[PDB]
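[1] Quick one, what's the 3D model for this:
(one chain, ligands or ions: 1)
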Amino acid sequence: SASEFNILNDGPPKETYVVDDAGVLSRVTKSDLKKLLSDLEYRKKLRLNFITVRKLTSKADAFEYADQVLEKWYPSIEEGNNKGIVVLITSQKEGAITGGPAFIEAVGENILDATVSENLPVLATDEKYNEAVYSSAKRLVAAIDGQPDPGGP
Ligand SMILES: [Ca+2]
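    Numbering: from 1, shown residues only. Below, you will see the structure:
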C-alpha cells in the first residue's frame, strides 16, 4: 500500500514524534504528544515515535512491521539504540512496540507488554485513538522515569 511504503520511505519525523498515517489523531493531541515526547528526549535522550496505519498491505503483523520500521529508519545500533517505535493498526485494533536495547531496557518488558495488550487494543476498540496513543505515551514515559505505573484502561 502507499501507506506501508510511505511510512517506511519517509523516514522518522525529526520535528514531530508521530506519523498519523491513519489520520486518527487530532492536532491538539499531536501537539500534546510532541510536548511530552520532545521533553522525554530532552531529559532522557530517548526518542519515542508513534505510528498509526489503517491496514498493512503485506501480511506482516504489527510487531513485524514495527521491527521493519526500526531497521529502515535507524539502520545501525548507533542510530537505533535510543529509539522506540510504537505501531497502531487501526482496522485491526492491534499494536506493537519495538526499539533499540537502551530504549527497551529503559521501559521494561512488563510495561511494554502491558501497553500493547491493554492501552492500545482496548482504547482503539472503543474508537478512542487519541487516548490510546496518549495514554500509552504517558505509560511508557512513567516506566522510563521510574514513576508509578498509571495502569491500563
Ligand atoms: Ca493508513
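
[2] In this protein, where's the longest helix?
    Longest helix of the chain, by residue count under DSSP state H: helix 27-44.

[3] Show me what that one is in contact with.
    16-18, 20, 25, 46-50, 106, 130, 133-134, 137-138, 141, 144-145 (C-beta atoms under 8 Å, 6 or more residues apart in numbering). Quick note: C-beta positions are derived from backbone N, CA and C, even for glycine.

[4] can you give me the strands for this structure?
    If DSSP state E is used as the criterion, the strands of the chain fall at 18-20, 47-53, 83-89, 94-99.

[5] Just the C-alphas of the third one, formatted as PDB.
    The C-alpha coordinates for strand 83-89 follow below in PDB (Å, rounded to 0.1, in the frame of the first residue of the first chain):
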ATOM      1  CA  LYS A  83      14.900   4.800  19.600                       C
ATOM      2  CA  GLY A  84      11.500   3.500  20.300                       C
ATOM      3  CA  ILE A  85       8.700   2.800  17.800                       C
ATOM      4  CA  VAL A  86       5.000   2.200  18.600                       C
ATOM      5  CA  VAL A  87       2.800   1.000  15.800                       C
ATOM      6  CA  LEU A  88      -1.000   1.000  15.900                       C
ATOM      7  CA  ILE A  89      -3.000  -0.700  13.100                       C
END
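
[6] Just the buried positions in it, please.
    Within strand 83-89, the residues scored as buried using 16 or more other C-beta atoms under 10 Å are 83, 84, 85, 86, 87, 88, 89.

[7] Who are the contact partners of residue 71?
    Residue 71 neighbours (C-beta under 8 Å, 6+ apart): residue 80.

[8] Okay then, goodbye and thanks.
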